[PDB]
Every structure is written in C-alpha cells, then in structure tokens.
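Starting off, we have a lone chain in the form deposited in one PDB entry, written out as structure tokens.
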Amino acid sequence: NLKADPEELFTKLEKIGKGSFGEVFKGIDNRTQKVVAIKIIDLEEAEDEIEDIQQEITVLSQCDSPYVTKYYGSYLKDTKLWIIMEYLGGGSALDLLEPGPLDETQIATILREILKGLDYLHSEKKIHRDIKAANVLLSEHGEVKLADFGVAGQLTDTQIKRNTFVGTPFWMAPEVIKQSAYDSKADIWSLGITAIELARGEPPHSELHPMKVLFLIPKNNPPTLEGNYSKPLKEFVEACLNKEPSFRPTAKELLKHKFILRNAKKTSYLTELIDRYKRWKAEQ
C-alpha cells in the first residue's frame, strides 16, 4: 500500500532530529499547508533494520486515534523511504521536564492522555513496548500523543503473547527482560516507570549502566515513588509496578484511579509547560 512521488504532495523543510537509521525533517502538506514531520530512511545503510521498519509502518498505518501520532503515509523515492507523520510542535514530555519539576496536576493530566492512548492501543491488541517521556509528544496547545512505534508489537489470535527483547532498559518490564510470554501489561509497567520519571525527572536506576539494569530489574523489588508526593500518586505507581503482570490494572481501570480523577485537568493548561521549555531553551 506504499505510495510514490512524495515531493509532489509534500515539501521537505529543515532537519529537526536524528537517530542514525535516518533523519527527521519538518515539512509541509502542500494540499492543506499543514506542517508535517518527515522521516527519511536510506534503505541501504540499514539492512537488519528493514524488517523493523516494515513493522513500524504497518502498526502506524493501522492506528486511528487522537492519542497516537497520525500517519499520512510512506513514500518511496529511489533508495529512500519517506515516512510522513503529523507534526507536534510542543516537544516531548521529556523536553518539558528539562527546565524543572512538574506539579501533580500536570503529571496526572499527561498520564491520563497516555492512558487514553494505551487503552486505544491495547483495545487494538497492539503493544507499544517503549513507553517513556521521550516518546510522549505534545502539540503546541498541549494535546498529548504516543509516538515512536519502532518496536511496537501486534497480538493476533494465533499469537496471544509476545517474547521479543525490546524496549529501553530503565522502563522495561521484568517479564520482557526475562523474555517470557508477555502482553499489554508490559506497557502498564513502563507507564509506572514513566510516572516516576514525570515525578522525579528520571526513571529508577538512571545513573547505572543500562546493562546492569537488565539483571537488577527482575531480581529487585519493584521501584516505588519516594519523596513528598500525594498518597494517590504513590499508589498509582505501585499499582503499575507489580512484578506479576496479571496484578497490574488495565489502562481503562487506571483512567479511573483516584490520582487521575482528583488531579487531571484540561490539556490546554499544559501550554504553560510548553512556554516554560521554550523560554528555557532560548536562554540556553
């Protein structure tokens, strides 16, 4: 279902990010003048990565949610692949953390929107597998969406569990590290680590080497949120960070958690965080 001739429909503007698979560019939909994000992958400097690229695009093309980065299409241009997504100008939740701490209203608001994305994803039998603040993107007006489906997985009727070692070590669930059969409950663990990350600025063990973390997480007791935080926020985290995945709540259940219900407000209030980052970055 790939398409061709991207530059007929889109204008490529300036570079805004890179991994080393390919680079991400700002761009324009010349049919609407909406701004988009364009990822270009030289299909040559990657080889093993080709199958993971194909899976990512598949997952993206099948998602239709206001809580998941909208996918425009994938375009072939000679040796290059262009992946076109909506542009989100507010930066990531991680960016928003850089100038300083969040309050519990902002934390609950962000967590609630992530939970709506996870509920959508999990209802579609998809697992994100790399939930973390850096993969939570915001519009300039504070809309919050899940991004970066580079390791997302799909459950089917013949495959009701996954086994693959993927994720970012600090955020990974213990059953994923063990490469046991796991499912969407793994995203709920990662969400718990993410809530600590939103609260503390960093996930547990963040000063350790990622490889060391891979043996610590299955053995150690689960992280808890320590410090002067509300009881419901601490219990939200604790609920998520159960070593036994069937004891973790679903995303749907967490949307009704006391911490969420008591503290989450309108996403438009998150523009304050967006302004704060812009001010912070400018004077950097």
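Here, rigid core means the biggest group of C-alpha atoms that superpose within 1.5 Å across both forms. Don't overthink the numbering: it's just position in the shown sequence, from 1.
Q) Do the CA atoms of 223-231 or those of 50-58 have the higher mean B-factor in the entry? A) Taking the mean C-alpha B-factor of 223-231 and of 50-58, the larger value falls to 50-58.
Q: Using only the Cα atoms and their B-factors as the entry lists them, report which of 77-85 and 119-127 averages higher.
A: Stretch with the greater average CA B-factor: 77-85.
Q | C-alpha B-factor winner, where the candidates are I41, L254, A37, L241 | A | The C-alpha B-factor peaks, among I41, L254, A37, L241, at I41.
Q: Would you please rank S268 by its C-alpha temperature factor against the other modelled residues of its chain and give the third it falls in: lowest, middle or highest?
A: As the PDB entry reports it, the C-alpha B-factor of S268 lands in the lowest third of its chain.
Q: Would you please rank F236 by its C-alpha temperature factor against the other modelled residues of its chain and give the third it falls in: lowest, middle or highest?
A: Tercile = lowest for this residue's CA B-factor.
Q: Would you mind ranking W189 by its C-alpha B-factor against the rest of the chain and naming the third, lowest, middle or highest?
A: Within its chain, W189 is a lowest-third residue by C-alpha B-factor, going by the deposited values.
Q: Place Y71 in the lowest, middle or highest third of its chain's C-alpha B-factors, as listed in the PDB entry.
A: For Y71, whose C-alpha B-factor we compare with every modelled residue in the chain, the answer is the highest third.
Q. Would the CA B-factor of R112 place it in the lowest, middle or highest third of its chain?
A. As the PDB entry reports it, the C-alpha B-factor of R112 lands in the lowest third of its chain.
There is also a form deposited in another entry; it is not shown, and the following applies to it.
Q: Choose, among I107, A133, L115, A152, the residue with a C-alpha displacement of 2 Å or more between the shown form and the other one when the rigid core is used for superposition.
A: Spelled out, the residue whose C-alpha shifts by 2 Å or more is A152.
Q) Taking the rigid core as reference, does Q33 move its C-alpha 2 Å or further between the shown form and the other one? A) Yes; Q33 is a residue whose C-alpha shifts (by 2 Å or more) between the shown form and the other one when the cores are overlaid.
Q) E244: CA shift of at least 2 Å between the shown form and the other one after core fit? A) After core superposition, the displacement of the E244 C-alpha between the shown form and the other one stays below 2 Å, so no.
Q: Determine whether the C-alpha of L216 shifts by 2 Å or more between the shown form and the other one once the rigid core is superposed.
A: No; that C-alpha moves by less than 2 Å between the shown form and the other one.
(Q) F170 and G150: their C-alpha distance differs by 3 angstroms or more in the other form. Do they come closer or move farther apart compared with the shown form? (A) They are closer; the C-alpha distance drops by 3 Å or more in the other form.
Q | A152 and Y67, C-alpha gap in the other form relative to this structure (3 Å or more) | A | Farther apart, by at least 3 Å.
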